[PDB]
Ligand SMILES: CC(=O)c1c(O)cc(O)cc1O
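Have a look below at one chain only, the form deposited without the ligand, in structure tokens format.
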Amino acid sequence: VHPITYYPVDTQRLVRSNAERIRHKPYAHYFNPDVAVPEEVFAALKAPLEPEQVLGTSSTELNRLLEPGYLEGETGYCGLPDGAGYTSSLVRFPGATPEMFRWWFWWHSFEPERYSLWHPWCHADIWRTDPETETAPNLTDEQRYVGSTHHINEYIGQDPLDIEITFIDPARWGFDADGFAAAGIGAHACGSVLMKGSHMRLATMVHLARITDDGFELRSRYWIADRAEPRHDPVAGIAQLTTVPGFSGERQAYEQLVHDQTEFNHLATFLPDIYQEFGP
């Protein structure tokens, strides 16, 4: 692995802010500002994917994620014709289990300081409208974030964004959800990422946790600034993000690649431990 060499200046402030506000929290000894990315993905950081390495959003294409082995371009980014963009990102979670992933995705979302463990440089804020769900009885791990919305403030590039991420049952997009078990997929986190104000789509997002001998691998896909949720129409009266005068789908896709690899490789360093300490 190799240490990150670029830290946008607003994020140099935020990481210090986060380090301080978390001082007394019990999980605070998980706060490590050190971030890195594995040697194996460096080619993906230096050149875009070719068009034929891009996965589509039809159920045919999506369900290709359930095949054993790997697809073309497991990790990379590129611009798309619309002015939209695409990111794929594989991240390994050795010595962790998909249940830890499931656990993690609701656990982090109720305290901002918890969120800042995940990316100490970029995560500023997170809240839900349903605090109750943290403690309610007889819910599985999935039931505590699937269906929910996370209102998030974070940096995915130079500037802070206010985004709303709603998680969905993958079957809603035509995923062969029943086939998840046999394909060794044991956790998922899929949904739409909208801008807080205009509700423009920043990303259709997929996270699939597939079991490996050492733990599990995360296979993630983002279709950036696309026109619609898969298997749905565009929302009437909401413009595509590609219409925003300065916006670049290609560059956003690159930032998403860098962000995703930084975020999830970091999580993978302390997920099995924070689970053992704060989970069931």
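From 1 onward, residues are counted along the sequence shown.
J.: Tell me which stretch, 132 to 140 or 80 to 88, has the higher mean Cα B-factor listed in the entry.
T.: Higher mean C-alpha B-factor: 132 to 140.
J.: For the higher mean C-alpha B factor in the entry, choose 199 to 207 or 178 to 186.
T.: For C-alpha atoms only, the mean B-factor is higher in 178 to 186.
J.: Given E113, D159, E74, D169, identify the residue with the highest C-alpha B factor in the PDB entry.
T.: Within the set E113, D159, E74, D169, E113 shows the top C-alpha B-factor.
J.: Compare the CA B factors listed in the entry for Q240, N63, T212, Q252 and report the winner.
T.: The C-alpha B-factor peaks, among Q240, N63, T212, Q252, at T212.
J.: Looking at the entry's B-factor column for C-alpha atoms only, identify whether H259 ranks in the lowest, middle or highest third of its chain.
T.: For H259, whose C-alpha B-factor we compare with every modelled residue in the chain, the answer is the lowest third.
J.: Would you mind ranking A47 by its C-alpha B-factor against the rest of the chain and naming the third, lowest, middle or highest?
T.: Within its chain, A47 is a lowest-third residue by C-alpha B-factor, going by the deposited values.
J.: Using the B-factor values recorded in the entry, state whether the Cα atom of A36 falls in the lowest, middle or highest third among the modelled residues of its chain.
T.: Middle third - that is where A36 ends up once the chain's C-alpha B-factors are sorted.
J.: Please rank the C-alpha B-factors of the chain's modelled residues and tell me whether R227 sits in the lowest, middle or highest third.
T.: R227: CA B-factor falls in the middle third of its chain.
J.: What third of its chain, lowest, middle or highest, does the C-alpha temperature factor of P234 fall into?
T.: Its C-alpha B-factor belongs to the lowest third of this chain's values.
Not pictured, yet referred to below: the form solved in complex with the ligand.
J.: Using a 4.5 Å heavy atom cut-off, indicate which stretch of 169 to 177, 112 to 120, 92 to 100, 79 to 87 touches the ligand in the bound PDB entry.
T.: Residues of 112 to 120 come within 4.5 Å of the partner.
J.: What I'd like checked is whether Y7, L45 and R251 together line the ligand in the bound PDB entry, meaning each has a non-hydrogen atom within 4.5 Å of it.
T.: Not a single listed residue reaches the ligand in the bound PDB entry, so no.
J.: Considering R128, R144, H207, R210, which brings a non-hydrogen atom within 4.5 Å of the ligand in the bound PDB entry?
T.: Only one listed residue qualifies here, and that residue is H207.
J.: Of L194, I185, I156, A124, which one comes within 4.5 Å of the ligand in the bound PDB entry, counting heavy atoms only?
T.: None of the other options qualify; the answer is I156.
J.: Since only the chain is shown here, I'm wondering whether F105 would be in contact with the ligand in the bound PDB entry (any heavy atom pair within 4.5 Å).
T.: So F105 counts as contacting the ligand.
J.: Though only this chain appears here, would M200 touch the ligand in the bound PDB entry if you measure heavy atom gaps against 4.5 Å?
T.: It does not: once the ligand is placed as it appears in the bound PDB entry, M200 has no heavy atom within 4.5 Å of it.
J.: Is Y222 part of the interface with the ligand in the bound PDB entry - any heavy atom within 4.5 Å?
T.: Answer yes; at least one heavy atom of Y222 falls within 4.5 Å of the ligand in the bound PDB entry.
J.: According to a 4.5 angstroms non-hydrogen atom cut-off, is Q261 in contact with the ligand in the bound PDB entry?
T.: Contact check for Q261: no, nothing within 4.5 Å of the ligand in the bound PDB entry.
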